[PDB]
Structure formats: C-alpha cells, structure tokens
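Structure file structure.cif (mmCIF, N, CA and C atoms) is printed below.
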data_structure
loop_
_atom_site.label_atom_id
_atom_site.label_comp_id
_atom_site.auth_asym_id
_atom_site.auth_seq_id
_atom_site.Cartn_x
_atom_site.Cartn_y
_atom_site.Cartn_z
N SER A 1 85.44 -32.36 -105.50
CA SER A 1 85.49 -31.68 -106.78
C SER A 1 86.06 -32.59 -107.88
N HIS A 2 87.31 -33.05 -107.74
CA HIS A 2 87.91 -33.90 -108.76
C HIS A 2 89.30 -34.35 -108.35
N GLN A 3 89.81 -35.36 -109.05
CA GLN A 3 91.15 -35.89 -108.81
C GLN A 3 92.17 -35.20 -109.71
N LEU A 4 93.40 -35.07 -109.22
CA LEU A 4 94.43 -34.37 -109.99
C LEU A 4 95.75 -35.12 -109.99
N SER A 5 96.38 -35.22 -111.16
CA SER A 5 97.68 -35.87 -111.24
C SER A 5 98.73 -35.01 -110.56
N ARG A 6 99.77 -35.64 -110.03
CA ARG A 6 100.82 -34.89 -109.37
C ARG A 6 101.45 -33.89 -110.32
N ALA A 7 101.84 -34.35 -111.51
CA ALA A 7 102.50 -33.45 -112.45
C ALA A 7 101.67 -32.19 -112.72
N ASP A 8 100.37 -32.23 -112.41
CA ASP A 8 99.49 -31.09 -112.63
C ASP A 8 99.78 -29.93 -111.67
N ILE A 9 100.52 -30.20 -110.59
CA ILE A 9 100.84 -29.19 -109.59
C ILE A 9 102.34 -28.93 -109.64
N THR A 10 102.68 -27.64 -109.74
CA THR A 10 104.07 -27.22 -109.71
C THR A 10 104.68 -27.60 -108.36
N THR A 11 105.91 -28.11 -108.41
CA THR A 11 106.58 -28.59 -107.22
C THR A 11 107.78 -27.70 -106.94
N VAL A 12 107.88 -27.25 -105.68
CA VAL A 12 109.00 -26.44 -105.21
C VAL A 12 110.00 -27.37 -104.52
N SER A 13 111.29 -27.11 -104.76
CA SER A 13 112.34 -28.02 -104.35
C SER A 13 112.89 -27.63 -102.97
N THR A 14 112.77 -28.56 -102.02
CA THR A 14 113.28 -28.38 -100.67
C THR A 14 114.67 -28.95 -100.51
N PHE A 15 115.23 -29.48 -101.60
CA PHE A 15 116.54 -30.12 -101.54
C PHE A 15 117.58 -29.15 -102.06
N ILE A 16 118.75 -29.16 -101.42
CA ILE A 16 119.89 -28.39 -101.87
C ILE A 16 120.64 -29.24 -102.88
N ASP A 17 120.84 -28.69 -104.07
CA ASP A 17 121.49 -29.47 -105.13
C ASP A 17 123.00 -29.51 -104.97
N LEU A 18 123.52 -30.64 -104.49
CA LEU A 18 124.96 -30.79 -104.39
C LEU A 18 125.41 -31.71 -105.50
N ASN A 19 126.04 -31.15 -106.53
CA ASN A 19 126.45 -31.96 -107.67
C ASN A 19 127.89 -32.41 -107.55
N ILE A 20 128.10 -33.70 -107.30
CA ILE A 20 129.45 -34.22 -107.18
C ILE A 20 129.63 -35.20 -108.33
N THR A 21 130.65 -34.99 -109.14
CA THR A 21 131.00 -35.87 -110.24
C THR A 21 132.33 -36.55 -109.95
N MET A 22 132.45 -37.81 -110.36
CA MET A 22 133.68 -38.55 -110.13
C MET A 22 134.75 -38.07 -111.08
N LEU A 23 136.00 -38.32 -110.72
CA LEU A 23 137.10 -37.89 -111.56
C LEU A 23 137.28 -38.89 -112.68
N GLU A 24 137.31 -38.40 -113.91
CA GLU A 24 137.40 -39.29 -115.07
C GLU A 24 138.54 -40.28 -114.98
N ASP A 25 138.28 -41.53 -115.34
CA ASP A 25 139.34 -42.51 -115.38
C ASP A 25 140.33 -42.00 -116.40
N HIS A 26 141.56 -41.75 -115.98
CA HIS A 26 142.52 -41.15 -116.87
C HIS A 26 143.69 -42.14 -117.06
N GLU A 27 144.09 -42.34 -118.30
CA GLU A 27 145.13 -43.26 -118.63
C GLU A 27 146.39 -42.51 -119.01
N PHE A 28 147.50 -42.82 -118.34
CA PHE A 28 148.76 -42.17 -118.59
C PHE A 28 149.54 -43.03 -119.57
N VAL A 29 149.81 -42.47 -120.75
CA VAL A 29 150.56 -43.20 -121.76
C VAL A 29 152.04 -43.15 -121.43
N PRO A 30 152.84 -44.13 -121.86
CA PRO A 30 154.29 -44.00 -121.77
C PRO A 30 154.78 -42.84 -122.60
N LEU A 31 155.30 -41.82 -121.91
CA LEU A 31 155.78 -40.60 -122.54
C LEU A 31 157.22 -40.37 -122.09
N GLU A 32 158.09 -40.20 -123.06
CA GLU A 32 159.49 -39.97 -122.76
C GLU A 32 159.99 -38.86 -123.69
N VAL A 33 160.68 -37.87 -123.12
CA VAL A 33 161.25 -36.82 -123.94
C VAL A 33 162.27 -37.41 -124.90
N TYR A 34 163.19 -38.21 -124.36
CA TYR A 34 164.14 -38.93 -125.19
C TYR A 34 164.17 -40.38 -124.72
N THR A 35 164.04 -41.30 -125.67
CA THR A 35 164.10 -42.70 -125.33
C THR A 35 165.53 -43.11 -125.11
N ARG A 36 165.74 -44.27 -124.51
CA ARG A 36 167.09 -44.76 -124.29
C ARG A 36 167.79 -44.86 -125.63
N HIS A 37 167.01 -45.05 -126.69
CA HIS A 37 167.58 -45.13 -128.02
C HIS A 37 168.03 -43.76 -128.49
N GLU A 38 167.10 -42.82 -128.61
CA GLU A 38 167.45 -41.47 -129.00
C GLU A 38 168.70 -41.04 -128.25
N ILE A 39 168.78 -41.34 -126.95
CA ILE A 39 169.93 -40.92 -126.17
C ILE A 39 171.20 -41.62 -126.62
N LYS A 40 171.10 -42.91 -126.92
CA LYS A 40 172.27 -43.63 -127.41
C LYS A 40 172.70 -43.10 -128.78
N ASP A 41 171.71 -42.75 -129.62
CA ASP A 41 172.01 -42.19 -130.93
C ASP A 41 172.56 -40.76 -130.82
N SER A 42 172.27 -40.05 -129.73
CA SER A 42 172.73 -38.69 -129.54
C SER A 42 174.25 -38.60 -129.54
N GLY A 43 174.91 -39.68 -129.11
CA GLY A 43 176.36 -39.74 -129.19
C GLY A 43 176.81 -39.61 -130.64
N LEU A 44 177.80 -38.77 -130.89
CA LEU A 44 178.26 -38.59 -132.26
C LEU A 44 178.90 -39.88 -132.80
N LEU A 45 179.65 -40.59 -131.96
CA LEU A 45 180.18 -41.90 -132.30
C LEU A 45 179.75 -42.87 -131.19
N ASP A 46 179.54 -44.12 -131.60
CA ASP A 46 179.44 -45.25 -130.69
C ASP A 46 180.69 -46.10 -130.90
N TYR A 47 181.43 -46.34 -129.82
CA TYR A 47 182.65 -47.14 -129.92
C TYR A 47 182.30 -48.56 -130.33
N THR A 48 181.18 -49.08 -129.82
CA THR A 48 180.78 -50.44 -130.14
C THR A 48 180.58 -50.58 -131.65
N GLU A 49 179.74 -49.72 -132.22
CA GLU A 49 179.47 -49.75 -133.65
C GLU A 49 180.74 -49.53 -134.48
N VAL A 50 181.59 -48.61 -134.07
CA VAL A 50 182.76 -48.30 -134.82
C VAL A 50 183.69 -49.49 -134.87
N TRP B 1 179.84 -36.38 -150.43
CA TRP B 1 178.46 -36.35 -150.03
C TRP B 1 177.67 -35.34 -150.82
N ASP B 2 176.40 -35.59 -150.99
CA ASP B 2 175.52 -34.69 -151.69
C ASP B 2 175.27 -33.47 -150.82
N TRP B 3 175.59 -32.30 -151.37
CA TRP B 3 175.45 -31.07 -150.61
C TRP B 3 174.02 -30.61 -150.49
N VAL B 4 173.67 -30.14 -149.31
CA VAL B 4 172.37 -29.53 -149.10
C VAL B 4 172.55 -28.23 -148.33
N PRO B 5 171.71 -27.21 -148.56
CA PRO B 5 171.80 -26.00 -147.78
C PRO B 5 171.57 -26.25 -146.29
N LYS B 6 172.28 -25.51 -145.45
CA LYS B 6 172.30 -25.74 -144.02
C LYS B 6 170.98 -25.34 -143.43
N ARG B 7 170.43 -24.19 -143.82
CA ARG B 7 169.24 -23.69 -143.14
C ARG B 7 168.04 -24.64 -143.20
N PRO B 8 167.65 -25.21 -144.35
CA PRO B 8 166.52 -26.14 -144.35
C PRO B 8 166.86 -27.60 -144.07
N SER B 9 168.14 -27.92 -143.82
CA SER B 9 168.57 -29.31 -143.61
C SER B 9 168.75 -29.66 -142.14
N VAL B 10 169.04 -28.67 -141.29
CA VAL B 10 169.17 -28.90 -139.86
C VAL B 10 167.97 -28.32 -139.16
N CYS B 11 167.80 -28.70 -137.90
CA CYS B 11 166.58 -28.43 -137.18
C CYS B 11 166.96 -28.55 -135.71
N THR B 12 167.32 -27.45 -135.07
CA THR B 12 167.77 -27.49 -133.68
C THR B 12 166.65 -27.82 -132.70
N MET B 13 165.40 -27.84 -133.16
CA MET B 13 164.32 -28.42 -132.41
C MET B 13 163.78 -29.60 -133.20
N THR B 14 163.12 -30.52 -132.50
CA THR B 14 162.63 -31.73 -133.12
C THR B 14 161.17 -31.88 -132.75
N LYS B 15 160.33 -32.14 -133.75
CA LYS B 15 158.93 -32.37 -133.46
C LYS B 15 158.81 -33.57 -132.53
N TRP B 16 158.40 -33.31 -131.29
CA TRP B 16 158.29 -34.35 -130.28
C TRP B 16 156.86 -34.85 -130.11
N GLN B 17 155.89 -33.95 -130.04
CA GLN B 17 154.52 -34.38 -129.87
C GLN B 17 153.58 -33.59 -130.76
N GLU B 18 152.59 -34.30 -131.32
CA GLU B 18 151.53 -33.65 -132.07
C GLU B 18 150.24 -33.78 -131.27
N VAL B 19 149.80 -32.68 -130.66
CA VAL B 19 148.67 -32.69 -129.77
C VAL B 19 147.45 -32.18 -130.52
N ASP B 20 146.44 -33.03 -130.67
CA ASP B 20 145.19 -32.64 -131.29
C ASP B 20 144.48 -31.61 -130.42
N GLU B 21 144.40 -31.87 -129.12
CA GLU B 21 143.65 -31.02 -128.20
C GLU B 21 144.59 -30.53 -127.11
N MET B 22 145.14 -29.33 -127.32
CA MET B 22 146.00 -28.73 -126.32
C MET B 22 145.31 -27.49 -125.80
N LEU B 23 144.68 -27.60 -124.63
CA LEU B 23 143.97 -26.46 -124.06
C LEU B 23 144.99 -25.43 -123.59
N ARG B 24 144.72 -24.17 -123.91
CA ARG B 24 145.57 -23.07 -123.48
C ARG B 24 144.77 -22.18 -122.56
N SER B 25 145.38 -21.83 -121.43
CA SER B 25 144.70 -20.97 -120.48
C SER B 25 145.71 -19.97 -119.94
N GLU B 26 145.18 -18.84 -119.46
CA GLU B 26 146.00 -17.77 -118.90
C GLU B 26 145.69 -17.67 -117.41
N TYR B 27 146.75 -17.66 -116.61
CA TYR B 27 146.59 -17.59 -115.17
C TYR B 27 147.93 -17.22 -114.55
N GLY B 28 147.88 -16.34 -113.54
CA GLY B 28 149.09 -15.93 -112.84
C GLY B 28 150.13 -15.31 -113.76
N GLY B 29 149.65 -14.60 -114.79
CA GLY B 29 150.50 -14.00 -115.80
C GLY B 29 151.37 -15.02 -116.53
N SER B 30 150.80 -16.21 -116.78
CA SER B 30 151.50 -17.23 -117.54
C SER B 30 150.47 -18.08 -118.28
N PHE B 31 150.93 -18.72 -119.35
CA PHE B 31 150.09 -19.58 -120.16
C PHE B 31 150.32 -21.04 -119.80
N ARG B 32 149.24 -21.75 -119.51
CA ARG B 32 149.28 -23.17 -119.24
C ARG B 32 148.73 -23.89 -120.46
N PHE B 33 149.55 -24.76 -121.04
CA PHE B 33 149.15 -25.60 -122.15
C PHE B 33 149.02 -27.04 -121.65
N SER B 34 147.77 -27.51 -121.48
CA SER B 34 147.48 -28.82 -120.95
C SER B 34 146.98 -29.73 -122.06
N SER B 35 147.59 -30.92 -122.15
CA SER B 35 147.18 -31.96 -123.08
C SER B 35 146.71 -33.16 -122.25
N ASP B 36 145.46 -33.55 -122.44
CA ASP B 36 144.93 -34.73 -121.80
C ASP B 36 145.41 -35.97 -122.54
N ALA B 37 145.73 -35.85 -123.82
CA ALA B 37 146.12 -37.01 -124.60
C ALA B 37 147.43 -37.59 -124.09
N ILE B 38 148.41 -36.73 -123.80
CA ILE B 38 149.67 -37.19 -123.25
C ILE B 38 149.80 -36.83 -121.76
N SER B 39 148.76 -36.26 -121.18
CA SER B 39 148.71 -35.98 -119.75
C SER B 39 149.87 -35.11 -119.36
N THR B 40 150.06 -33.99 -120.07
CA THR B 40 151.23 -33.15 -119.88
C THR B 40 150.82 -31.68 -119.89
N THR B 41 151.30 -30.94 -118.91
CA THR B 41 150.99 -29.53 -118.78
C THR B 41 152.27 -28.71 -118.78
N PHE B 42 152.38 -27.76 -119.70
CA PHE B 42 153.52 -26.87 -119.79
C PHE B 42 153.15 -25.45 -119.40
N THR B 43 154.13 -24.70 -118.90
CA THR B 43 153.91 -23.34 -118.47
C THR B 43 154.86 -22.43 -119.23
N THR B 44 154.31 -21.36 -119.80
CA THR B 44 155.07 -20.46 -120.65
C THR B 44 154.81 -19.03 -120.20
N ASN B 45 155.72 -18.13 -120.57
CA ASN B 45 155.47 -16.71 -120.40
C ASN B 45 154.38 -16.28 -121.38
N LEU B 46 153.65 -15.21 -121.03
CA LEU B 46 152.53 -14.79 -121.86
C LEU B 46 153.02 -14.34 -123.23
N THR B 47 154.28 -13.91 -123.34
CA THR B 47 154.80 -13.39 -124.59
C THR B 47 155.12 -14.53 -125.54
N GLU B 48 154.91 -14.29 -126.83
CA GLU B 48 155.32 -15.23 -127.86
C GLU B 48 156.85 -15.31 -127.90
N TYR B 49 157.36 -16.45 -128.33
CA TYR B 49 158.78 -16.64 -128.47
C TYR B 49 159.19 -16.33 -129.90
N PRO B 50 160.00 -15.28 -130.13
CA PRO B 50 160.45 -14.97 -131.48
C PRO B 50 161.23 -16.11 -132.12
#
Please re-express this file's structure in structure tokens.
Amino acid sequence: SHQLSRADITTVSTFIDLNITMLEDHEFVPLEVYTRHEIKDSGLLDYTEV
Amino acid sequence: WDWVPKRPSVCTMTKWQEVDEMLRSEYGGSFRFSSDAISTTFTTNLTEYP
C-alpha cells in the first residue's frame, strides 16, 4: 500500500518514568550570628583600649 | 552629650540578615522559614509575635 513515517503512528510507552534529579550544588556562605568583633565590642569597657 | 529620645535611639534587636527569598511553610503546627541564600532554617510558633 505505502510507506509510513514512525511519527505518523502514535506510540504507547512501555517504560516506567523514574525521574531522579541531582541535588543542587549548594554553597554555604560564612554566616555568624555575632563575629569575634561584635562580641569584643559587646563588652561595655575594654581594659586594653582604656 | 546631645540628647536623643530613648525610644527611637535604642534597638534591643539588631537587623542581622536581609533575606530576599525566605520561603515560609507550615508543618507540625509550626512555621519553617528557610533561606537558601544564607542556608538557614528557623522554626517559629504559628502565632505572630506581638
């Protein structure tokens, strides 16, 4: 009768779709609640400075 | 010294982080605030803090 392209025929999927994605490369910045400085400044007086 | 009113001159909390994208979610009757920018997750009670 005639030739037919593959895309011309609907295809049913025999594969189970298992979607696994990698974990995003995540960069941890230096985060400090109080720096050694803030902490040194937290003192009401510094004997050294005084 | 130059006098200033106490209420707008002191600040018992200090702006520590400015998070552009802080996702908020509700789970286990608590709010999780996760920041990917500083890689930090906080847990709060569902109620607002007066």
Checklist entry - Interatomic distance between atom CA of residue 23 of chain A and atom C of residue 30 of chain B? => result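 Straight-line distance from atom CA of residue 23 of chain A to atom C of residue 30 of chain B works out to 24.8 Å.
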Next on the checklist: Show me, as a ChimeraX atom specification, every residue of chain B with an atom at most 10 Å from chain A, counting only C-alpha atoms.
Outcome noted: /B:16-17,36-40
Item to check | Residues within 8 Å of (151.3, -13.7, -116.1), counting all atoms listed in the file, listed as a list in words | outcome: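 The residues near that point, listed by chain and number, are residues 26, 27, 28, 29, 30, 31, 44, 45, 46 and 47 of chain B.
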Checklist entry - How far is it from atom CA of residue 37 of chain A to atom CA of residue 49 of chain A, in Å with one decimal? => result 13.9 Å
Checklist entry - Would you give me, as a PyMOL selection string, the residues in chain B that DSSP reads as strand (DSSP E)? => result chain B and resi 22-27+30-35+40-45
From (146.8, -32.2, -128.6), in the file's coordinates, out to 6.5 Å: which residues are reached, counting all atoms listed in the file? Answer as a PDB file with N, CA and C atoms, keeping the file's coordinate frame.
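As a result, point_20.pdb now contains:
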ATOM      1  N   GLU B  18     152.590 -34.300-131.320  1.00  0.00           N
ATOM      2  CA  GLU B  18     151.530 -33.650-132.070  1.00  0.00           C
ATOM      3  C   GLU B  18     150.240 -33.780-131.270  1.00  0.00           C
ATOM      4  N   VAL B  19     149.800 -32.680-130.660  1.00  0.00           N
ATOM      5  CA  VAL B  19     148.670 -32.690-129.770  1.00  0.00           C
ATOM      6  C   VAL B  19     147.450 -32.180-130.520  1.00  0.00           C
ATOM      7  N   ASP B  20     146.440 -33.030-130.670  1.00  0.00           N
ATOM      8  CA  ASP B  20     145.190 -32.640-131.290  1.00  0.00           C
ATOM      9  C   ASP B  20     144.480 -31.610-130.420  1.00  0.00           C
ATOM     10  N   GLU B  21     144.400 -31.870-129.120  1.00  0.00           N
ATOM     11  CA  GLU B  21     143.650 -31.020-128.200  1.00  0.00           C
ATOM     12  C   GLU B  21     144.590 -30.530-127.110  1.00  0.00           C
ATOM     13  N   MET B  22     145.140 -29.330-127.320  1.00  0.00           N
ATOM     14  CA  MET B  22     146.000 -28.730-126.320  1.00  0.00           C
ATOM     15  C   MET B  22     145.310 -27.490-125.800  1.00  0.00           C
ATOM     16  N   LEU B  23     144.680 -27.600-124.630  1.00  0.00           N
ATOM     17  CA  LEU B  23     143.970 -26.460-124.060  1.00  0.00           C
ATOM     18  C   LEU B  23     144.990 -25.430-123.590  1.00  0.00           C
ATOM     19  N   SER B  35     147.590 -30.920-122.150  1.00  0.00           N
ATOM     20  CA  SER B  35     147.180 -31.960-123.080  1.00  0.00           C
ATOM     21  C   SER B  35     146.710 -33.160-122.250  1.00  0.00           C
ATOM     22  N   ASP B  36     145.460 -33.550-122.440  1.00  0.00           N
ATOM     23  CA  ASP B  36     144.930 -34.730-121.800  1.00  0.00           C
ATOM     24  C   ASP B  36     145.410 -35.970-122.540  1.00  0.00           C
ATOM     25  N   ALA B  37     145.730 -35.850-123.820  1.00  0.00           N
ATOM     26  CA  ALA B  37     146.120 -37.010-124.600  1.00  0.00           C
ATOM     27  C   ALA B  37     147.430 -37.590-124.090  1.00  0.00           C
TER      28      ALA B  37
END
Checklist entry - How far is it from atom CA of residue 24 of chain A to atom CA of residue 43 of chain B, in Å with one decimal? => result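 Answer for the atom CA of residue 24 of chain A to atom CA of residue 43 of chain B separation: 23.2 Å.
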What are the centre and edge lengths in Å, to one decimal, of the axis-aligned box around all listed atoms of segment 23-41 of chain B with 5 Å added on each side, as lines of an AutoDock Vina configuration file?
center_x = 148.1
center_y = -25.8
center_z = -118.7
size_x = 18.3
size_y = 33.6
size_z = 21.8
Next on the checklist: DSSP on the backbone, alpha helix (DSSP H) only: what residues of segment 1-31 of chain B does that give? Format it as a PyMOL selection string.
Outcome noted: chain B and resi 6-9
Since the input lacks atoms, please generate N, CA, C and O atoms for segment 7-27 of chain B and provide them as a PDB file, in the coordinates of the input.
ATOM      1  N   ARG B   7     170.430 -24.190-143.820  1.00  0.00           N
ATOM      2  CA  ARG B   7     169.240 -23.690-143.140  1.00  0.00           C
ATOM      3  C   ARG B   7     168.040 -24.640-143.200  1.00  0.00           C
ATOM      4  O   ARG B   7     167.392 -24.857-142.165  1.00  0.00           O
ATOM      5  N   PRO B   8     167.650 -25.210-144.350  1.00  0.00           N
ATOM      6  CA  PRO B   8     166.520 -26.140-144.350  1.00  0.00           C
ATOM      7  C   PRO B   8     166.860 -27.600-144.070  1.00  0.00           C
ATOM      8  O   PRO B   8     165.953 -28.427-144.054  1.00  0.00           O
ATOM      9  N   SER B   9     168.140 -27.920-143.820  1.00  0.00           N
ATOM     10  CA  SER B   9     168.570 -29.310-143.610  1.00  0.00           C
ATOM     11  C   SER B   9     168.750 -29.660-142.140  1.00  0.00           C
ATOM     12  O   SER B   9     168.657 -30.828-141.797  1.00  0.00           O
ATOM     13  N   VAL B  10     169.040 -28.670-141.290  1.00  0.00           N
ATOM     14  CA  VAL B  10     169.170 -28.900-139.860  1.00  0.00           C
ATOM     15  C   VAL B  10     167.970 -28.320-139.160  1.00  0.00           C
ATOM     16  O   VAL B  10     167.186 -27.568-139.740  1.00  0.00           O
ATOM     17  N   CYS B  11     167.800 -28.700-137.900  1.00  0.00           N
ATOM     18  CA  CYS B  11     166.580 -28.430-137.180  1.00  0.00           C
ATOM     19  C   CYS B  11     166.960 -28.550-135.710  1.00  0.00           C
ATOM     20  O   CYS B  11     166.933 -29.657-135.163  1.00  0.00           O
ATOM     21  N   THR B  12     167.320 -27.450-135.070  1.00  0.00           N
ATOM     22  CA  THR B  12     167.770 -27.490-133.680  1.00  0.00           C
ATOM     23  C   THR B  12     166.650 -27.820-132.700  1.00  0.00           C
ATOM     24  O   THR B  12     166.930 -28.028-131.541  1.00  0.00           O
ATOM     25  N   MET B  13     165.400 -27.840-133.160  1.00  0.00           N
ATOM     26  CA  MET B  13     164.320 -28.420-132.410  1.00  0.00           C
ATOM     27  C   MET B  13     163.780 -29.600-133.200  1.00  0.00           C
ATOM     28  O   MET B  13     164.020 -29.737-134.384  1.00  0.00           O
ATOM     29  N   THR B  14     163.120 -30.520-132.500  1.00  0.00           N
ATOM     30  CA  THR B  14     162.630 -31.730-133.120  1.00  0.00           C
ATOM     31  C   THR B  14     161.170 -31.880-132.750  1.00  0.00           C
ATOM     32  O   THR B  14     160.827 -31.771-131.566  1.00  0.00           O
ATOM     33  N   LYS B  15     160.330 -32.140-133.750  1.00  0.00           N
ATOM     34  CA  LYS B  15     158.930 -32.370-133.460  1.00  0.00           C
ATOM     35  C   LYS B  15     158.810 -33.570-132.530  1.00  0.00           C
ATOM     36  O   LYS B  15     159.072 -34.712-132.931  1.00  0.00           O
ATOM     37  N   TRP B  16     158.400 -33.310-131.290  1.00  0.00           N
ATOM     38  CA  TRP B  16     158.290 -34.350-130.280  1.00  0.00           C
ATOM     39  C   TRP B  16     156.860 -34.850-130.110  1.00  0.00           C
ATOM     40  O   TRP B  16     156.638 -36.049-130.013  1.00  0.00           O
ATOM     41  N   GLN B  17     155.890 -33.950-130.040  1.00  0.00           N
ATOM     42  CA  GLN B  17     154.520 -34.380-129.870  1.00  0.00           C
ATOM     43  C   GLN B  17     153.580 -33.590-130.760  1.00  0.00           C
ATOM     44  O   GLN B  17     153.779 -32.389-130.953  1.00  0.00           O
ATOM     45  N   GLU B  18     152.590 -34.300-131.320  1.00  0.00           N
ATOM     46  CA  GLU B  18     151.530 -33.650-132.070  1.00  0.00           C
ATOM     47  C   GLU B  18     150.240 -33.780-131.270  1.00  0.00           C
ATOM     48  O   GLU B  18     149.641 -34.845-131.227  1.00  0.00           O
ATOM     49  N   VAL B  19     149.800 -32.680-130.660  1.00  0.00           N
ATOM     50  CA  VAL B  19     148.670 -32.690-129.770  1.00  0.00           C
ATOM     51  C   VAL B  19     147.450 -32.180-130.520  1.00  0.00           C
ATOM     52  O   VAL B  19     147.432 -31.025-130.919  1.00  0.00           O
ATOM     53  N   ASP B  20     146.440 -33.030-130.670  1.00  0.00           N
ATOM     54  CA  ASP B  20     145.190 -32.640-131.290  1.00  0.00           C
ATOM     55  C   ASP B  20     144.480 -31.610-130.420  1.00  0.00           C
ATOM     56  O   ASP B  20     143.980 -30.602-130.934  1.00  0.00           O
ATOM     57  N   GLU B  21     144.400 -31.870-129.120  1.00  0.00           N
ATOM     58  CA  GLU B  21     143.650 -31.020-128.200  1.00  0.00           C
ATOM     59  C   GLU B  21     144.590 -30.530-127.110  1.00  0.00           C
ATOM     60  O   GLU B  21     144.833 -31.248-126.124  1.00  0.00           O
ATOM     61  N   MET B  22     145.140 -29.330-127.320  1.00  0.00           N
ATOM     62  CA  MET B  22     146.000 -28.730-126.320  1.00  0.00           C
ATOM     63  C   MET B  22     145.310 -27.490-125.800  1.00  0.00           C
ATOM     64  O   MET B  22     145.374 -26.453-126.443  1.00  0.00           O
ATOM     65  N   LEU B  23     144.680 -27.600-124.630  1.00  0.00           N
ATOM     66  CA  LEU B  23     143.970 -26.460-124.060  1.00  0.00           C
ATOM     67  C   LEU B  23     144.990 -25.430-123.590  1.00  0.00           C
ATOM     68  O   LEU B  23     145.921 -25.762-122.857  1.00  0.00           O
ATOM     69  N   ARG B  24     144.720 -24.170-123.910  1.00  0.00           N
ATOM     70  CA  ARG B  24     145.570 -23.070-123.480  1.00  0.00           C
ATOM     71  C   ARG B  24     144.770 -22.180-122.560  1.00  0.00           C
ATOM     72  O   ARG B  24     143.638 -21.798-122.882  1.00  0.00           O
ATOM     73  N   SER B  25     145.380 -21.830-121.430  1.00  0.00           N
ATOM     74  CA  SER B  25     144.700 -20.970-120.480  1.00  0.00           C
ATOM     75  C   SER B  25     145.710 -19.970-119.940  1.00  0.00           C
ATOM     76  O   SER B  25     146.905 -20.184-119.982  1.00  0.00           O
ATOM     77  N   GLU B  26     145.180 -18.840-119.460  1.00  0.00           N
ATOM     78  CA  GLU B  26     146.000 -17.770-118.900  1.00  0.00           C
ATOM     79  C   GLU B  26     145.690 -17.670-117.410  1.00  0.00           C
ATOM     80  O   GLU B  26     144.524 -17.608-117.017  1.00  0.00           O
ATOM     81  N   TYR B  27     146.750 -17.660-116.610  1.00  0.00           N
ATOM     82  CA  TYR B  27     146.590 -17.590-115.170  1.00  0.00           C
ATOM     83  C   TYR B  27     147.930 -17.220-114.550  1.00  0.00           C
ATOM     84  O   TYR B  27     148.989 -17.687-115.013  1.00  0.00           O
TER      85      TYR B  27
END
